[PDB]
Number of protein chains: 4
Amino acid sequence: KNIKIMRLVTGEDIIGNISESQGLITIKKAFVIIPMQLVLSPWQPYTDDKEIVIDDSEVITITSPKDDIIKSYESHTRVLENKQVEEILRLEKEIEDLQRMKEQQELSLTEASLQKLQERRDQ
Amino acid sequence: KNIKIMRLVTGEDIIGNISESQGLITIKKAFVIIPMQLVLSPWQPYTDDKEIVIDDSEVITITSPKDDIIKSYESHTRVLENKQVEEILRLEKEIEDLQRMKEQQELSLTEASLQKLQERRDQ
Amino acid sequence: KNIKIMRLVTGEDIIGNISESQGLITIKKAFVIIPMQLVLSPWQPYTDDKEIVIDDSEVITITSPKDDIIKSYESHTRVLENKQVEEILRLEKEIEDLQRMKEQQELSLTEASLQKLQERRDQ
Amino acid sequence: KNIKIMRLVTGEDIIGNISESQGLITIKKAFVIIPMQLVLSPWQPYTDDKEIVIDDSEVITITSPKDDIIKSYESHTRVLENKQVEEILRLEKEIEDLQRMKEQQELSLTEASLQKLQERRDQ
Ligand SMILES: [Ba+2]
Ligand SMILES: [Ba+2]
Ligand SMILES: [Ba+2]
Ligand SMILES: [Ba+2]
């Protein structure tokens, strides 16, 4: 584990897990720090990739942060995971309930209705 | 097929498929006729059984109806089946969409998060 | 266990545990279903008998219900038992407290007062 | 086919078909993603070239996107083509109608008028 803040050539502050292998660096769980206490936002809200590879030629400064920001970052990154798991449980329960109710509703049906059901499902 | 209206000892009018075997009669797709044009309602809205067996000692009159009521009954009994099939398709599509979205959401997860997911699902 | 709804000659819907032995049937934990969701009420609120015996000649239809009503009936029949037990605990605690307080109050008394107490209790 | 979102040094998000051959990359059907649901806009609205060649030294991150954005991008890129074809049909029909009407109008003319027509067309 290695948490190091950095400043991008664009002019923004990125905090996350860093790995510097061969110049090009790998970033995990990156967060944009908005100056405003502190506010953190997702860096790449359009991708699900765990790691993002960038080039060291496009980063200005890489430095270790103070402990308060470390605590805030850890708290935020565990709250997000907890909420994600809670939503997964909610979705699974709703899916199970809907499937059971649909099964019971479909159970009471006639033969011709079942044939029409199959035909329209095929269509 | 045999459609015969009847009047119950309670004082209500039941229309549906009738079968008189050994005194006790079997009724399918029974409908209560409300005097008000004509209005039909389900007879036993708390059961999913296709056939209901009653005793001939508890029915006053059993007579064949006119053609207009036959047409209305057939129209209503096909509209109900059509709506039932449409709702079955709606439910199946919603279930499939929800399952797919939950699968994609669960795909992006970490190992420790997956372990916590499994533990809480077991609980 | 056997839950079957039935319709009485009076024109009401009874749900509960049923046992058909020799024509005459035994009913346990009967509930009147009021058409209004669903609302259930006690059938015989003036008796404490667990089982009630009626005659099959006085019942119109006996049919198995759908699963939603089964779930509602089970929930209601466990909530009633839970509330009954809670009230039993409340009454026992109140009785114990009152008895203890009366005992301490009676402890501080004189001999002539005790004799008058005994005489008036005898009266 | 290969759809990968990327972030430019300018600070914008480009989604489209990507091909990385020799460092310099080729982009087809590029779209600017405006953060606002999602909104997509054309990247180069002043050129008709199918492919645009850029340099990898001018791109920060290249990552695969999630499925929702893929679906939205495919829907938008088929709607645009459908509308383009519809407009082509509209224009062709209008041109044919105008040409036919002009032909019929020109048919009814005199010899001297035809000579003046030819002279002024030559001018
Ligand atoms: Ba540097
Ligand atoms: Ba009779
Ligand atoms: Ba009977
Ligand atoms: Ba690069």
# chains A, B, ... in the order shown; residues from 1 in each chain; ligands from 1
>>> closest_atom_pairs(of="chain B", to="ligand 2", cutoff="7 Å", atoms="only C-alpha atoms and all ligand atoms", output="Markdown table")
| residue | atom | partner | partner_atom_place_in_ligand_line | distance |
| --- | --- | --- | --- | --- |
| B:56 | CA | ligand 2 | 1 (Ba) | 5.7 |
| B:57 | CA | ligand 2 | 1 (Ba) | 5.5 |
| B:58 | CA | ligand 2 | 1 (Ba) | 6.8 |
| B:59 | CA | ligand 2 | 1 (Ba) | 5.1 |
| B:60 | CA | ligand 2 | 1 (Ba) | 4.6 |
| B:61 | CA | ligand 2 | 1 (Ba) | 6.1 |
>>> calpha_fit_and_write(fixed="chain D", moving="chain C", output="short mmCIF file (atom, residue, chain, number, x, y, z; two decimals) with N, CA, C and O atoms, in the first residue's frame")
data_model
loop_
_atom_site.label_atom_id
_atom_site.label_comp_id
_atom_site.auth_asym_id
_atom_site.auth_seq_id
_atom_site.Cartn_x
_atom_site.Cartn_y
_atom_site.Cartn_z
N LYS C 1 -13.65 -4.23 -33.98
CA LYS C 1 -14.29 -3.16 -33.23
C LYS C 1 -13.66 -3.02 -31.84
O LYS C 1 -13.40 -4.02 -31.17
N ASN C 2 -13.42 -1.78 -31.42
CA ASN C 2 -12.77 -1.53 -30.14
C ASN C 2 -13.16 -0.13 -29.68
O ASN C 2 -12.69 0.86 -30.25
N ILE C 3 -14.01 -0.05 -28.66
CA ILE C 3 -14.48 1.22 -28.12
C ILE C 3 -13.76 1.46 -26.80
O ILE C 3 -13.89 0.67 -25.85
N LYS C 4 -13.00 2.55 -26.73
CA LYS C 4 -12.26 2.92 -25.53
C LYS C 4 -12.36 4.42 -25.33
O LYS C 4 -12.03 5.20 -26.23
N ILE C 5 -12.82 4.84 -24.14
CA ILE C 5 -12.86 6.25 -23.82
C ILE C 5 -11.45 6.74 -23.53
O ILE C 5 -10.56 5.97 -23.14
N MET C 6 -11.22 8.03 -23.74
CA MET C 6 -9.93 8.62 -23.43
C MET C 6 -10.11 10.05 -22.96
O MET C 6 -11.13 10.70 -23.23
N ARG C 7 -9.10 10.54 -22.24
CA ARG C 7 -9.07 11.91 -21.75
C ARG C 7 -7.92 12.65 -22.42
O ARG C 7 -6.77 12.20 -22.38
N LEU C 8 -8.23 13.78 -23.04
CA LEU C 8 -7.24 14.55 -23.78
C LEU C 8 -6.50 15.51 -22.86
O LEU C 8 -6.95 15.83 -21.76
N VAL C 9 -5.33 15.96 -23.33
CA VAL C 9 -4.54 16.92 -22.56
C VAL C 9 -5.31 18.21 -22.35
O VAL C 9 -5.07 18.93 -21.37
N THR C 10 -6.22 18.54 -23.27
CA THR C 10 -7.06 19.72 -23.09
C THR C 10 -7.95 19.57 -21.87
O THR C 10 -8.19 20.55 -21.14
N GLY C 11 -8.45 18.36 -21.61
CA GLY C 11 -9.29 18.12 -20.46
C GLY C 11 -10.70 17.70 -20.83
O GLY C 11 -11.65 18.00 -20.10
N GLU C 12 -10.84 17.01 -21.95
CA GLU C 12 -12.14 16.57 -22.44
C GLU C 12 -12.13 15.06 -22.64
O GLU C 12 -11.07 14.43 -22.75
N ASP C 13 -13.33 14.49 -22.70
CA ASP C 13 -13.52 13.05 -22.78
C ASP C 13 -14.02 12.68 -24.16
O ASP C 13 -15.07 13.17 -24.60
N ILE C 14 -13.29 11.80 -24.84
CA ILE C 14 -13.57 11.38 -26.21
C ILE C 14 -13.89 9.90 -26.20
O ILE C 14 -13.13 9.10 -25.66
N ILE C 15 -15.01 9.53 -26.82
CA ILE C 15 -15.42 8.14 -26.95
C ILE C 15 -15.61 7.82 -28.43
O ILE C 15 -16.21 8.60 -29.17
N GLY C 16 -15.06 6.69 -28.86
CA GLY C 16 -15.19 6.30 -30.25
C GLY C 16 -14.35 5.08 -30.55
O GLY C 16 -13.71 4.50 -29.67
N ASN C 17 -14.36 4.70 -31.83
CA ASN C 17 -13.59 3.55 -32.27
C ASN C 17 -12.11 3.91 -32.34
O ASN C 17 -11.73 4.91 -32.94
N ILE C 18 -11.27 3.08 -31.72
CA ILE C 18 -9.86 3.40 -31.53
C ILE C 18 -9.02 2.33 -32.21
O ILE C 18 -9.39 1.15 -32.27
N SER C 19 -7.86 2.75 -32.73
CA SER C 19 -6.90 1.81 -33.31
C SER C 19 -5.50 2.33 -33.03
O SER C 19 -5.12 3.39 -33.55
N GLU C 20 -4.74 1.61 -32.22
CA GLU C 20 -3.38 2.00 -31.83
C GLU C 20 -2.39 1.13 -32.59
O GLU C 20 -2.18 -0.03 -32.25
N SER C 21 -1.78 1.70 -33.63
CA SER C 21 -0.87 0.96 -34.50
C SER C 21 0.60 1.15 -34.11
O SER C 21 1.27 0.18 -33.75
N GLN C 22 1.10 2.38 -34.17
CA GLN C 22 2.53 2.65 -33.98
C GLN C 22 2.70 3.88 -33.08
O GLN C 22 3.44 4.81 -33.39
N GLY C 23 1.99 3.89 -31.96
CA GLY C 23 2.00 5.05 -31.09
C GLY C 23 0.93 6.04 -31.47
O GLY C 23 -0.01 6.27 -30.70
N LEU C 24 1.05 6.62 -32.66
CA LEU C 24 -0.03 7.45 -33.19
C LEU C 24 -1.28 6.60 -33.38
O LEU C 24 -1.21 5.48 -33.89
N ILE C 25 -2.42 7.13 -32.96
CA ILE C 25 -3.65 6.36 -32.93
C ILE C 25 -4.65 6.97 -33.90
O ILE C 25 -4.62 8.17 -34.21
N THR C 26 -5.55 6.11 -34.39
CA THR C 26 -6.60 6.48 -35.32
C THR C 26 -7.94 6.39 -34.60
O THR C 26 -8.21 5.41 -33.90
N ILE C 27 -8.77 7.42 -34.78
CA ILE C 27 -10.05 7.53 -34.10
C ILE C 27 -11.14 7.67 -35.15
O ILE C 27 -11.00 8.45 -36.09
N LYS C 28 -12.22 6.90 -34.98
CA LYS C 28 -13.37 6.94 -35.87
C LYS C 28 -14.63 7.20 -35.06
O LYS C 28 -14.82 6.62 -33.99
N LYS C 29 -15.49 8.07 -35.59
CA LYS C 29 -16.78 8.41 -34.98
C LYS C 29 -16.59 8.92 -33.55
O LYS C 29 -17.29 8.50 -32.62
N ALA C 30 -15.65 9.83 -33.38
CA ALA C 30 -15.36 10.38 -32.06
C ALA C 30 -16.50 11.25 -31.56
O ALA C 30 -17.17 11.94 -32.33
N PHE C 31 -16.72 11.21 -30.25
CA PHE C 31 -17.76 12.00 -29.60
C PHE C 31 -17.22 12.60 -28.32
O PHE C 31 -16.56 11.92 -27.54
N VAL C 32 -17.50 13.89 -28.12
CA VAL C 32 -17.20 14.57 -26.87
C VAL C 32 -18.32 14.27 -25.87
O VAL C 32 -19.50 14.45 -26.19
N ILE C 33 -17.95 13.82 -24.68
CA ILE C 33 -18.91 13.53 -23.62
C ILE C 33 -18.99 14.75 -22.71
O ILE C 33 -18.00 15.13 -22.08
N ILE C 34 -20.16 15.36 -22.64
CA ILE C 34 -20.39 16.55 -21.82
C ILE C 34 -20.99 16.10 -20.49
O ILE C 34 -22.04 15.44 -20.49
N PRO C 35 -20.37 16.42 -19.36
CA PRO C 35 -20.94 16.01 -18.07
C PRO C 35 -22.20 16.78 -17.72
O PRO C 35 -22.14 17.97 -17.39
N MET C 36 -23.34 16.12 -17.80
CA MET C 36 -24.62 16.75 -17.52
C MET C 36 -25.69 15.71 -17.21
O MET C 36 -26.58 15.94 -16.39
N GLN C 37 -27.99 11.47 -16.57
CA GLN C 37 -27.89 11.06 -17.96
C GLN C 37 -26.59 11.57 -18.58
O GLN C 37 -25.78 12.21 -17.91
N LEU C 38 -26.39 11.27 -19.86
CA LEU C 38 -25.18 11.67 -20.58
C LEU C 38 -25.56 12.40 -21.85
O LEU C 38 -26.60 12.13 -22.46
N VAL C 39 -24.70 13.33 -22.25
CA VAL C 39 -24.88 14.11 -23.47
C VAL C 39 -23.62 13.94 -24.32
O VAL C 39 -22.50 14.06 -23.81
N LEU C 40 -23.81 13.65 -25.60
CA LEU C 40 -22.72 13.46 -26.54
C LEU C 40 -22.81 14.50 -27.65
O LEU C 40 -23.91 14.87 -28.07
N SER C 41 -21.66 14.97 -28.11
CA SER C 41 -21.59 15.94 -29.18
C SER C 41 -20.52 15.51 -30.18
O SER C 41 -19.62 14.75 -29.84
N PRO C 42 -20.61 15.97 -31.43
CA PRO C 42 -19.55 15.66 -32.39
C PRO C 42 -18.23 16.29 -31.97
O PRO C 42 -18.19 17.38 -31.39
N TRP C 43 -17.14 15.59 -32.26
CA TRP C 43 -15.82 16.08 -31.86
C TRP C 43 -15.26 17.06 -32.88
O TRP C 43 -14.69 18.09 -32.51
N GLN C 44 -15.40 16.76 -34.17
CA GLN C 44 -14.84 17.57 -35.25
C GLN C 44 -15.96 17.92 -36.22
O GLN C 44 -16.07 17.31 -37.29
N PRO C 45 -16.80 18.90 -35.88
CA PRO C 45 -17.94 19.23 -36.72
C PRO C 45 -17.60 20.05 -37.96
O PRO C 45 -18.52 20.57 -38.60
N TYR C 46 -16.33 20.19 -38.31
CA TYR C 46 -15.93 20.94 -39.49
C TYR C 46 -15.25 20.07 -40.55
O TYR C 46 -14.78 20.60 -41.56
N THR C 47 -15.19 18.76 -40.34
CA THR C 47 -14.54 17.86 -41.28
C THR C 47 -15.43 16.66 -41.56
O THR C 47 -16.22 16.24 -40.72
N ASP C 48 -15.29 16.11 -42.77
CA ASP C 48 -16.02 14.92 -43.18
C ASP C 48 -15.15 13.68 -43.20
O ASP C 48 -15.61 12.62 -43.63
N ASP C 49 -13.90 13.78 -42.76
CA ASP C 49 -13.01 12.62 -42.77
C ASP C 49 -13.52 11.55 -41.81
O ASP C 49 -13.94 11.84 -40.69
N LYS C 50 -13.48 10.30 -42.27
CA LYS C 50 -13.94 9.19 -41.44
C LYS C 50 -13.01 8.96 -40.25
O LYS C 50 -13.47 8.71 -39.14
N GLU C 51 -11.71 9.04 -40.48
CA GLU C 51 -10.72 8.75 -39.45
C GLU C 51 -9.86 9.97 -39.18
O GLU C 51 -9.55 10.74 -40.10
N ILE C 52 -9.46 10.14 -37.92
CA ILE C 52 -8.59 11.23 -37.50
C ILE C 52 -7.40 10.63 -36.78
O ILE C 52 -7.56 9.78 -35.90
N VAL C 53 -6.20 11.07 -37.14
CA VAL C 53 -4.96 10.53 -36.59
C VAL C 53 -4.39 11.53 -35.59
O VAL C 53 -4.17 12.69 -35.93
N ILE C 54 -4.17 11.08 -34.35
CA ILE C 54 -3.57 11.90 -33.32
C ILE C 54 -2.37 11.15 -32.73
O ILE C 54 -2.10 10.01 -33.08
N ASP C 55 -1.65 11.83 -31.84
CA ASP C 55 -0.43 11.29 -31.25
C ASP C 55 -0.68 10.87 -29.80
O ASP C 55 -1.37 11.58 -29.05
N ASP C 56 -0.12 9.73 -29.42
CA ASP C 56 -0.29 9.22 -28.07
C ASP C 56 0.34 10.12 -27.02
O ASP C 56 -0.01 10.01 -25.84
N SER C 57 1.27 10.99 -27.41
CA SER C 57 1.87 11.92 -26.46
C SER C 57 0.90 13.01 -26.02
O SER C 57 1.22 13.76 -25.09
N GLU C 58 -0.27 13.10 -26.65
CA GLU C 58 -1.25 14.15 -26.35
C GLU C 58 -2.52 13.59 -25.73
O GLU C 58 -3.55 14.28 -25.72
N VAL C 59 -2.48 12.37 -25.22
CA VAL C 59 -3.63 11.75 -24.55
C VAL C 59 -3.18 11.26 -23.18
O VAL C 59 -2.11 10.68 -23.03
N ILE C 60 -4.01 11.52 -22.17
CA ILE C 60 -3.64 11.20 -20.79
C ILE C 60 -3.96 9.74 -20.48
O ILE C 60 -3.07 8.93 -20.21
N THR C 61 -5.25 9.39 -20.51
CA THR C 61 -5.70 8.07 -20.12
C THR C 61 -6.59 7.48 -21.20
O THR C 61 -7.42 8.18 -21.79
N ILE C 62 -6.41 6.19 -21.46
CA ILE C 62 -7.24 5.42 -22.39
C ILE C 62 -7.75 4.19 -21.65
O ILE C 62 -6.95 3.33 -21.26
N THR C 63 -9.06 4.11 -21.46
CA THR C 63 -9.65 3.03 -20.67
C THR C 63 -10.97 2.59 -21.27
O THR C 63 -11.66 3.37 -21.94
N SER C 64 -11.33 1.33 -21.02
CA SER C 64 -12.60 0.80 -21.50
C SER C 64 -13.75 1.31 -20.64
O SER C 64 -13.62 1.41 -19.42
N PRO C 65 -14.90 1.64 -21.24
CA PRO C 65 -16.01 2.19 -20.47
C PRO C 65 -16.97 1.12 -19.97
O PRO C 65 -16.83 -0.06 -20.31
N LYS C 66 -17.96 1.52 -19.18
CA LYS C 66 -18.98 0.60 -18.71
C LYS C 66 -20.04 0.37 -19.79
O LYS C 66 -20.04 1.02 -20.84
N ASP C 67 -20.96 -0.56 -19.51
CA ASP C 67 -21.89 -1.01 -20.54
C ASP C 67 -22.98 0.01 -20.83
O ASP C 67 -23.46 0.09 -21.97
N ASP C 68 -23.40 0.79 -19.83
CA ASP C 68 -24.46 1.77 -20.05
C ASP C 68 -24.04 2.81 -21.09
O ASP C 68 -24.82 3.15 -21.99
N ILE C 69 -22.82 3.32 -20.98
CA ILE C 69 -22.33 4.29 -21.94
C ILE C 69 -22.18 3.66 -23.32
O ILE C 69 -22.42 4.30 -24.34
N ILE C 70 -21.80 2.38 -23.36
CA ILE C 70 -21.71 1.67 -24.64
C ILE C 70 -23.08 1.62 -25.31
O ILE C 70 -23.22 1.89 -26.51
N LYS C 71 -24.11 1.29 -24.54
CA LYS C 71 -25.47 1.23 -25.08
C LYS C 71 -25.91 2.60 -25.58
O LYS C 71 -26.48 2.72 -26.68
N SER C 72 -25.67 3.65 -24.79
CA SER C 72 -26.06 4.99 -25.21
C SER C 72 -25.33 5.41 -26.47
O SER C 72 -25.94 6.00 -27.38
N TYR C 73 -24.04 5.12 -26.56
CA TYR C 73 -23.25 5.48 -27.73
C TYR C 73 -23.75 4.75 -28.97
O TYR C 73 -23.88 5.36 -30.04
N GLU C 74 -24.06 3.46 -28.85
CA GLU C 74 -24.57 2.71 -30.00
C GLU C 74 -25.93 3.25 -30.44
O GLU C 74 -26.18 3.40 -31.64
N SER C 75 -26.81 3.55 -29.48
CA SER C 75 -28.11 4.09 -29.83
C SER C 75 -27.97 5.42 -30.56
O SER C 75 -28.62 5.65 -31.59
N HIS C 76 -27.11 6.30 -30.06
CA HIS C 76 -26.94 7.60 -30.69
C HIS C 76 -26.34 7.46 -32.09
O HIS C 76 -26.77 8.14 -33.03
N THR C 77 -25.35 6.57 -32.24
CA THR C 77 -24.69 6.43 -33.53
C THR C 77 -25.56 5.72 -34.56
O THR C 77 -25.29 5.84 -35.76
N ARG C 78 -26.59 4.98 -34.14
CA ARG C 78 -27.53 4.48 -35.13
C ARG C 78 -28.64 5.48 -35.44
O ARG C 78 -29.10 5.56 -36.58
N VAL C 79 -29.06 6.27 -34.44
CA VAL C 79 -30.07 7.30 -34.70
C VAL C 79 -29.55 8.33 -35.68
O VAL C 79 -30.28 8.78 -36.58
N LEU C 80 -28.28 8.73 -35.54
CA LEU C 80 -27.72 9.71 -36.46
C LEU C 80 -27.73 9.19 -37.90
O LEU C 80 -28.10 9.91 -38.83
N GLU C 81 -27.32 7.93 -38.09
CA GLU C 81 -27.32 7.35 -39.43
C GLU C 81 -28.73 7.26 -40.00
O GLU C 81 -28.96 7.55 -41.19
N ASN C 82 -29.70 6.86 -39.17
CA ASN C 82 -31.08 6.77 -39.64
C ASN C 82 -31.59 8.13 -40.09
O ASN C 82 -32.22 8.25 -41.16
N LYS C 83 -31.33 9.17 -39.30
CA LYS C 83 -31.77 10.51 -39.68
C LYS C 83 -31.08 10.99 -40.95
O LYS C 83 -31.70 11.65 -41.79
N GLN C 84 -29.79 10.66 -41.10
CA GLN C 84 -29.07 11.04 -42.32
C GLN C 84 -29.71 10.40 -43.55
O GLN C 84 -29.93 11.07 -44.57
N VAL C 85 -30.04 9.11 -43.46
CA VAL C 85 -30.66 8.44 -44.60
C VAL C 85 -32.04 9.03 -44.90
O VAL C 85 -32.41 9.23 -46.07
N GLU C 86 -32.81 9.33 -43.85
CA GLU C 86 -34.12 9.93 -44.06
C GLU C 86 -34.00 11.27 -44.78
O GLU C 86 -34.78 11.57 -45.70
N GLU C 87 -33.03 12.09 -44.38
CA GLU C 87 -32.84 13.38 -45.04
C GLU C 87 -32.39 13.20 -46.49
O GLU C 87 -32.78 13.99 -47.36
N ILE C 88 -31.57 12.18 -46.76
CA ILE C 88 -31.17 11.92 -48.14
C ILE C 88 -32.39 11.59 -49.00
O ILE C 88 -32.54 12.10 -50.12
N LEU C 89 -33.28 10.74 -48.49
CA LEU C 89 -34.50 10.43 -49.23
C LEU C 89 -35.35 11.67 -49.45
O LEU C 89 -35.88 11.88 -50.55
N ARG C 90 -35.51 12.50 -48.42
CA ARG C 90 -36.28 13.73 -48.56
C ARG C 90 -35.71 14.61 -49.67
O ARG C 90 -36.45 15.11 -50.53
N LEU C 91 -34.40 14.82 -49.65
CA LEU C 91 -33.77 15.67 -50.65
C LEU C 91 -33.94 15.10 -52.05
O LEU C 91 -34.24 15.85 -53.00
N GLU C 92 -33.76 13.79 -52.21
CA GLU C 92 -33.91 13.19 -53.53
C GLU C 92 -35.33 13.36 -54.06
O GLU C 92 -35.53 13.69 -55.23
N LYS C 93 -36.33 13.13 -53.20
CA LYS C 93 -37.71 13.28 -53.64
C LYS C 93 -38.02 14.72 -54.03
O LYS C 93 -38.67 14.97 -55.06
N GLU C 94 -37.55 15.68 -53.24
CA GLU C 94 -37.79 17.08 -53.56
C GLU C 94 -37.13 17.46 -54.88
O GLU C 94 -37.72 18.18 -55.70
N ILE C 95 -35.90 16.99 -55.11
CA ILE C 95 -35.20 17.28 -56.35
C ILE C 95 -35.95 16.71 -57.54
O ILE C 95 -36.12 17.37 -58.57
N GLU C 96 -36.42 15.46 -57.42
CA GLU C 96 -37.15 14.85 -58.52
C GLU C 96 -38.43 15.62 -58.83
O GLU C 96 -38.74 15.88 -60.00
N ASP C 97 -39.18 15.99 -57.79
CA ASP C 97 -40.42 16.74 -58.02
C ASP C 97 -40.15 18.08 -58.68
O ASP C 97 -40.85 18.47 -59.62
N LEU C 98 -39.14 18.80 -58.19
CA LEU C 98 -38.82 20.10 -58.77
C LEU C 98 -38.38 19.97 -60.22
O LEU C 98 -38.78 20.77 -61.07
N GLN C 99 -37.57 18.95 -60.53
CA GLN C 99 -37.12 18.75 -61.90
C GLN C 99 -38.29 18.45 -62.82
O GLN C 99 -38.37 18.98 -63.93
N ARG C 100 -39.21 17.59 -62.38
CA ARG C 100 -40.37 17.26 -63.20
C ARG C 100 -41.23 18.49 -63.45
O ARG C 100 -41.68 18.74 -64.58
N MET C 101 -41.48 19.29 -62.40
CA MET C 101 -42.32 20.47 -62.57
C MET C 101 -41.65 21.48 -63.50
O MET C 101 -42.32 22.09 -64.35
N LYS C 102 -40.34 21.67 -63.36
CA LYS C 102 -39.63 22.58 -64.26
C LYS C 102 -39.68 22.08 -65.70
O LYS C 102 -39.81 22.88 -66.63
N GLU C 103 -39.56 20.76 -65.90
CA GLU C 103 -39.64 20.21 -67.25
C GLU C 103 -40.99 20.50 -67.88
O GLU C 103 -41.07 20.95 -69.03
N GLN C 104 -42.08 20.26 -67.14
CA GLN C 104 -43.40 20.55 -67.68
C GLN C 104 -43.59 22.04 -67.95
O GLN C 104 -44.21 22.42 -68.95
N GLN C 105 -43.07 22.89 -67.07
CA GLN C 105 -43.20 24.33 -67.29
C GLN C 105 -42.43 24.77 -68.54
O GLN C 105 -42.92 25.61 -69.30
N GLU C 106 -41.24 24.22 -68.75
CA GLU C 106 -40.44 24.58 -69.91
C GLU C 106 -41.01 24.01 -71.20
O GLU C 106 -40.79 24.59 -72.27
N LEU C 107 -41.76 22.91 -71.12
CA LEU C 107 -42.30 22.29 -72.34
C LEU C 107 -43.16 23.27 -73.13
O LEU C 107 -43.08 23.32 -74.36
N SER C 108 -43.98 24.07 -72.45
CA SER C 108 -44.87 25.03 -73.11
C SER C 108 -44.10 26.33 -73.32
O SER C 108 -44.05 27.20 -72.45
N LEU C 109 -43.49 26.46 -74.50
CA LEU C 109 -42.71 27.65 -74.81
C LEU C 109 -42.65 27.83 -76.32
O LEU C 109 -42.90 26.89 -77.08
N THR C 110 -42.32 29.04 -76.74
CA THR C 110 -42.24 29.39 -78.15
C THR C 110 -40.80 29.35 -78.64
O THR C 110 -39.85 29.25 -77.85
N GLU C 111 -40.64 29.42 -79.96
CA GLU C 111 -39.31 29.30 -80.56
C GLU C 111 -38.42 30.49 -80.19
O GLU C 111 -37.27 30.30 -79.78
N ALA C 112 -38.94 31.71 -80.33
CA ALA C 112 -38.16 32.88 -79.96
C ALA C 112 -37.86 32.89 -78.47
O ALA C 112 -36.76 33.27 -78.05
N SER C 113 -38.83 32.49 -77.65
CA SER C 113 -38.59 32.38 -76.22
C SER C 113 -37.52 31.34 -75.92
O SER C 113 -36.69 31.53 -75.04
N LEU C 114 -37.53 30.22 -76.66
CA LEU C 114 -36.50 29.21 -76.48
C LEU C 114 -35.12 29.75 -76.84
O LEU C 114 -34.13 29.47 -76.16
N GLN C 115 -35.04 30.53 -77.92
CA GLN C 115 -33.77 31.13 -78.31
C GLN C 115 -33.27 32.10 -77.25
O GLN C 115 -32.08 32.11 -76.92
N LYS C 116 -34.17 32.93 -76.71
CA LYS C 116 -33.78 33.84 -75.64
C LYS C 116 -33.33 33.07 -74.40
O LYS C 116 -32.37 33.46 -73.73
N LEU C 117 -34.03 31.98 -74.09
CA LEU C 117 -33.63 31.11 -72.98
C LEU C 117 -32.21 30.60 -73.17
O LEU C 117 -31.38 30.67 -72.26
N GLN C 118 -31.91 30.08 -74.37
CA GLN C 118 -30.58 29.55 -74.63
C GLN C 118 -29.52 30.65 -74.54
O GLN C 118 -28.45 30.44 -73.97
N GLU C 119 -29.82 31.83 -75.09
CA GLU C 119 -28.85 32.92 -75.06
C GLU C 119 -28.56 33.35 -73.63
O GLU C 119 -27.39 33.53 -73.25
N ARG C 120 -29.60 33.51 -72.81
CA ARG C 120 -29.38 33.97 -71.44
C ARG C 120 -28.72 32.88 -70.60
O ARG C 120 -27.93 33.20 -69.70
N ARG C 121 -29.01 31.61 -70.87
CA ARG C 121 -28.31 30.53 -70.19
C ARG C 121 -26.83 30.52 -70.55
O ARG C 121 -25.98 30.28 -69.70
N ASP C 122 -26.52 30.78 -71.82
CA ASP C 122 -25.12 30.89 -72.23
C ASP C 122 -24.44 32.05 -71.53
O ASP C 122 -23.29 31.93 -71.08
N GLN C 123 -25.11 33.19 -71.44
CA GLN C 123 -24.58 34.33 -70.70
C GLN C 123 -24.43 34.00 -69.22
O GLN C 123 -24.43 34.88 -68.37
#
>>> select_by_dssp(residues="range 39-95 of chain B", states="strand (DSSP E)", output="PyMOL selection string")
chain B and resi 39-42+51-54+59-63
>>> select_by_dssp(residues="range 47-81 of chain A", states="alpha helix (DSSP H)", output="ChimeraX atom specification")
/A:67-81
